[PDB]
Amino acid sequence: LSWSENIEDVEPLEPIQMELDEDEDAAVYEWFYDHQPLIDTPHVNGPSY
Amino acid sequence: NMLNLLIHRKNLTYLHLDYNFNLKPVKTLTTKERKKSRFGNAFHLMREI
Amino acid sequence: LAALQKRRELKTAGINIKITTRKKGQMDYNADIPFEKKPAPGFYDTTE
Amino acid sequence: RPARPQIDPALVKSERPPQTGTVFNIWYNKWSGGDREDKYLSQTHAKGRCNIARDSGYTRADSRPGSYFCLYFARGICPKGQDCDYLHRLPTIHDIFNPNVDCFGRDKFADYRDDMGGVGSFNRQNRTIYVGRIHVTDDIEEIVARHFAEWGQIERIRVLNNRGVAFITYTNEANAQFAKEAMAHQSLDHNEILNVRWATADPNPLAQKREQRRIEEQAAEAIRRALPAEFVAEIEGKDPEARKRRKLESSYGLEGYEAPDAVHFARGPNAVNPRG
Amino acid sequence: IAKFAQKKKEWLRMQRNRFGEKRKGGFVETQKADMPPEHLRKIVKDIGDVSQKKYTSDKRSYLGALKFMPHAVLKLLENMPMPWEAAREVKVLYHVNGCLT
Amino acid sequence: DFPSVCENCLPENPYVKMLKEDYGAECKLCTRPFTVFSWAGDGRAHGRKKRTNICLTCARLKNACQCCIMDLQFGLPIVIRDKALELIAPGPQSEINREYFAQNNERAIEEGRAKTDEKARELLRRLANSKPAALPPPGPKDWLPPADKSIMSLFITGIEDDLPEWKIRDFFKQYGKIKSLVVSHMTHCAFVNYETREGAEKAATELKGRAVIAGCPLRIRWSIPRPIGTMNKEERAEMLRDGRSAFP
Amino acid sequence: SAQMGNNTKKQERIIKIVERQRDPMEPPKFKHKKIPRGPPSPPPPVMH
Amino acid sequence: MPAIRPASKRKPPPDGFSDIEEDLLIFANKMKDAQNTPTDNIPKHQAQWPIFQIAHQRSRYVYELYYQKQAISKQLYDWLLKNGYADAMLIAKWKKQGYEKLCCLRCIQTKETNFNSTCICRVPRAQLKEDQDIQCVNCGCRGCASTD
Amino acid sequence: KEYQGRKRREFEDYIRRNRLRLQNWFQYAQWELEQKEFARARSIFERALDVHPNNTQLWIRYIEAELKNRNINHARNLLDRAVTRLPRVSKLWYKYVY
Amino acid sequence: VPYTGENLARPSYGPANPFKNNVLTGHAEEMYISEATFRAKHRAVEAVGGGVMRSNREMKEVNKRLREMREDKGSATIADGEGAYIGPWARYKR
RNA sequence: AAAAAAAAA
Ligand SMILES: [Zn+2]
Ligand SMILES: [Zn+2]
Ligand SMILES: [Zn+2]
Ligand SMILES: [Zn+2]
Ligand SMILES: [Zn+2]
């Protein structure tokens, strides 16, 4: 399969994620399933992660 | 393409390597064809990896 | 002897085809002296 | 005039050759499978003929001295013309190249092939090309003469009509190679595919003697250019003035001496001579 | 002093072009940057399966990169997307023939 | 660790930038892998990078530049040198003998163990003293145009081996457009066919059966063209002295 | 030194030699060859 | 993130993105068409040339819209750089002095050339030969010195 | 030339099979002498001398092979080399004085 | 040391031969110089208009004139069509 | 939890 003709613009399906509670899990709600979580925060040293 | 170039450089074009990495002879082999074609553990281990 | 007879009968017939005597893995000993080792020069000239 | 493109780009590309086999070997780029004897007898006609009168012209390499010629112009297949990086014109007698390379900018081997074709060899100065596969007619000499005066400057045109094979000896390496690669599988008046190879040396004692004499006159020309003209005249021994000059100069007094050639004809930083 | 004005310019230029703190080695040195992804995309599209005669110069290298293919398999399978990621983007070091990624 | 390259090859600049690759190519003569030294050129129009082509062993034994492969003293192609100056070094050229000879020479040179102008002077001495019923003169019948318009070939007698073809073509192109010219050197015969019969007529009127080309006397007549067979040498000398008799 | 003809513009030369950036993925360029062993260095006298 | 999120995990782009995303879509379609160009006609290396062209153009487009005329906000511009709508290192070279017309980053990487040089395209005309058809092997430009 | 190719191939094959048998070298050099190939015969004798340097029979054969063809200067070089290599062999000295 | 300066400053006696490099073509010895010196001399002999010093302002108008010789680079805020950006890839009027 | 071992105009 060529990347350009077959996968490049195709919107992907929904990944396996859990319905995080907004109130109970408010500490991780906005960043839990990011690729490298907290990468642009003061919680890590920098992009080298 | 690397394994395909190796197969074709050794003049073993009567072996088809398909896109799921199965090496099959395209025709009935003579004894000399079989003897020249027997590949090794490096080729076959790389092909299965 | 058969091939030589056919060759001399075709050469006198006008047709001339040379055949590849150069088998792989083997040397042509007629192109040049094989593994030349010329005699060392002594106190006597040998040019003539 | 500017160089004219010969073929539109729509015709020429990088296409796979005819399917003369069952599977395409992509390393060697050859149609494997099937018979091997049929390929050996499968010559084909060329895809175009160059003509210098209507197609040669100015290009980028013409303004650049010390360039190389265009091989794809000689076959009449160069599809860009003025914007080609190599020369588009017949070589002269002054277009002299080094022995390492031919006139087309290709490396030049140490020996020929089995079929005596290709680039050439720097182990033998060859200005003579074999032109075989000529349909036998009565006016082979005329058509060979015109179609090879098209491609440069000839010195000998041996033709053997009884079986119809020609030997053409040009005057230059560049013109010989240009005529060889320009007429490769090119058509004659009759619809045939010519066999223009390099030519094996003739066993005719005369031809051998004159090719030898060409070798020694070329060496003599280079030596006479390298040596001082005073040395050439003083050694040459045809002018009586040169002889008596030789006596008086290689006397240094001591009548009847006649100094050795290793001292009299010696070039060095200090030396004992007029030098130069 | 106008006589010694070309001398001053050429001396200052020579001194800077030899002892400037950007040429410690003789050349201005930079940090190796990232190409567009479309460069690698075009290269891999162009070479295809190596079946054109245009890429005959690229065949020895390509078959020689066979030797480092195990290491590429490791890095690829190591950086696989986890189930909660619809997609992941990775930095790749790619060969300019398209032989190795 | 440095190539033996003549100033003809090293491009222009006294300050040259050179690349080095160990085992970068095989020698063109002895076919053994050697260190390649490739430099730039006098133009950024084709990046060929004129390089060495023969190894220092083959450079030293045959005494030639590595790039252009011509002589260091005289600047001859190396076969011209070894065939005219003669002897010096024939050198084997076969399959296994080639690398055998190169291997032994390099082994000798690495282990320490080991008069061109004299032979040039001797070559000069061999070359300086070296040496390689008559028919009536051509009258009116040899150049008058007959009633037949198909008579087109100009038969020329007396062309020697010292006469090249280009002088003939250039001397006859001023008369008209030459369709063809064929010369048999074994017969000393020439057939000149013109694309224009008018140009052939003008050439016939201008030359009038006689020509002096490069000191060579030639007789020119009108004839139908013919192929030339294995003609005898006695009749070749007959035809030569006929061409000489064209110039009394 | 002296050369094929004469000298033209400048004699002394300054040469910058750098190794060539070879492809890391290239295999060996050239096949190795089977050549017979050379002749020995010349034998000494037999001092018996 | 510059990767692809399905439908609802996509955050909205910043303000003012429509008026420039028309031209950004033009550049993306030009890049796709450059992916689709035949290569059988031009030489082998020249096939890489259009990509860098569009890349430079795309990057330079964004550069003007933040720096010469202040037409996009800093939020939008930093978003454009982060999601690969403009080359950040190329723009960082453009902001320096003597590099304002830089073709691409591979033409100043002196550690990847033979004799430790920039390419010949980084040389001014006035020192190169007159009527010289210079066209660099990396991107195919004809001159990148800021004077030219 | 084809016959000489056959004979050279056979002789060199037997040289390669058993280089320590002197009859192979002797027959090859004798046959090349009978073809009036003197450079090739000298080469075969010199290579045999490489394999067997202190062999008196081989030395005498090469000297006599070059004496039968009136190559006196060649043979005197050979005899100097022979009595230099083998100074305590009385036969070589006797042959040189004779 | 081989003495001081007396045996360095004298000629060897006798005349030379009426009848030492290392390379065939000449003599080559290694040396160490600064790479900037080599680059400066290479640019002096290599660049056209070498020598012939000119002040800054005439360089400015010759560069401006050669800019006018080149076609227009473009507006660079126009993505496609007439007036688009080509930048360094602009051809030359010849 | 492959090889022996299935022949050189
Ligand atoms: Zn060599
Ligand atoms: Zn040279
Ligand atoms: Zn550039
Ligand atoms: Zn660039
Ligand atoms: Zn560049």
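FYI, it's all coordinate maths here, none of it is from the lab. Don't worry about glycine lacking a Cβ; one is built from the backbone with ideal geometry, like all the others, and counts go over all protein chains shown.
General observations
- Here the calculated FRET efficiency for H:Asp40 and D:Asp35, from their Cβ-Cβ distance with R0 = 35 Å, stands at 0.70, rounded to the nearest 0.05.
- Helices in chain C, meaning DSSP H runs of at least 4 residues, each add -39500 (n - 2.57). Divided by all residues, the mean residue ellipticity at 222 nm is -6000 deg cm²/dmol.
- Between the range D:213-229 and the range D:11-62, the alpha-carbon center distance in angstrom: 44
- Around the Cα centre of chain C, unit charges on the Cβ atoms of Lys, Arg, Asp and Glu (plus for the first two, minus for the last two) sum to a dipole of about 560 debye.
- Nearest-0.05 FRET efficiency for F:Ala89 and D:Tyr252, computed from C-beta distance (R0 30 Å): 0.25
- Evaluating kT/(6 pi eta Rh) at 37 °C and 0.692 mPa s, with the Kirkwood radius of the protein assembly as shown over Cα pairs in the Stokes-Einstein relation, gives 87 µm² s⁻¹.
- Shielding of F:115-127 by partner chains, average beta-carbon count, 10 Å: 4
- Cα-based shape type of chain C, given that a ≥ b ≥ c are square roots of the gyration tensor eigenvalues and the cut on a/c is 1.5: prolate
- Estimated inter-spin distance, D:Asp138 and C:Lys18, nm [label 7 Å along Cα→Cβ]: 3.6
- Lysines with Cα under 17 Å of F:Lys141, excluding same-chain neighbours fewer than 8 positions away: F:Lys149, F:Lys202, F:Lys208
- Rounded to the nearest 20, the Cβ-based charge dipole of the protein assembly as shown about its Cα centre (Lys and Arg +1, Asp and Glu -1) stands at 3780 debye.
- Per-residue mean of C-beta atoms belonging to partner chains within 10 Å, peptide H:22-28: 2
- Each peptide in D:10-21, A:18-29 receives the mean, over its residues, of other Cβ atoms within 10 Å, and ordering these scores from highest gives D:10-21, A:18-29.
- Backbone N atoms of the range G:30-48 closer than 19 Å to the 7 Å Cα→Cβ label point of I:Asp80 belong to residues G:42-46.
- Dipole of chain B [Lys/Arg +1, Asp/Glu -1 at C-beta], most positive-end residue of B:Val26, B:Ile49, B:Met2: B:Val26
- The range D:186-276: radius of gyration and largest Cα-Cα distance (Dmax), Å: 23.4, 80
- Calculated mean residue ellipticity at 222 nm for chain F: -9000 deg cm²/dmol, from DSSP H runs with n ≥ 4 weighted as -39500 (n - 2.57), summed, divided by the residue count and rounded to 500.
- Over 18 Å (Cα to Cα) - which of E:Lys59/F:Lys50; G:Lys16/H:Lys129; D:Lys108/F:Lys50 fall in this group: E:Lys59/F:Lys50; G:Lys16/H:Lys129
- Prolate/oblate/rounded call for the range D:1-131, Cα gyration tensor, a/c under 1.5 rounded: oblate
- Distance between the range H:71-133 and the range E:24-101 - C-alpha centres, whole angstrom: 23
- Using alpha-carbon coordinates, inclination of helix I:22-34 to the longest axis of chain I, degrees: 80
- Overall form of chain A per C-alpha gyration tensor (a/c, 1.5; a/b vs b/c): oblate
- Cα-based reach from E:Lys9 at 18 Å (exclusive), listing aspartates and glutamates while leaving out same-chain residues under 8 positions away: J:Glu58
- Between helix D:173-182 and chain D there is an angle of about 10 degrees, using the helix long axis and the longest principal axis of the Cα atoms.
- Most mobile of D:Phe148, D:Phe73, D:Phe24 in a GNM of chain D (Cα contacts under 10 Å): D:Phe24
- Of the residues B:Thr13, G:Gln11, J:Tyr85, the one whose Cα sits farthest towards the positive end of the charge dipole of the protein assembly as shown is G:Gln11 (charges of +1 on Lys and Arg Cβ, -1 on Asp and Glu Cβ, taken about the Cα centre).
- In range of the label at C:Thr46: residues from the range I:1-34 whose backbone nitrogen is under 20 Å from the point 7 Å along Cα→Cβ: I:25-34
- Distance between the 7 Å Cα→Cβ label points at G:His48 and J:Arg54: 8.9 nm.
- Net charge dipole, the range H:2-148: roughly 580 debye, given to the nearest 20, about the Cα centre with Cβ charges of +1 for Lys and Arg and -1 for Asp and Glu.
- The listed peptides F:87-94, I:79-86, D:202-209, ordered by packing as a protection proxy, come out as I:79-86, F:87-94, D:202-209 (highest mean of other Cβ atoms within 10 Å first).
- Placing a label point 7 Å from the Cα of E:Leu77 along the Cα-to-Cβ line, the residues of the range B:27-46 whose backbone N sits under 14 Å from it are B:45-46.
- The spacing between the range F:87-115 and the range F:156-171, judged by their C-alpha centroids, is 46 Å.
- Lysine pair number, Cα distance threshold 27 Å (strictly under), chain J, separation 8 or more or different chains: 6
- Since only D:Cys84, D:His147, D:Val101 are under comparison, the one whose Cα sits farthest along the positive direction of the charge dipole of the range D:82-170, derived from C-beta charges on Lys, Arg, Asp and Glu, is D:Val101.
- Environment charge at J:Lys73 (Cβ cut-off 15 Å; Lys +1, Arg +1, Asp -1, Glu -1): +2
- Rounded to 0.05, the FRET efficiency of the F:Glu234 and D:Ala271 pair, given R0 = 60 Å and the Cβ-Cβ distance, is 0.60.
- Shielding value for G:34-47 is 6, the average number of Cβ atoms from other chains within 10 Å of each residue's Cβ.
- Inter-label distance for E:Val90 and G:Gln11, nm, one decimal - labels placed 7 Å from Cα along Cα-to-Cβ: 6.3
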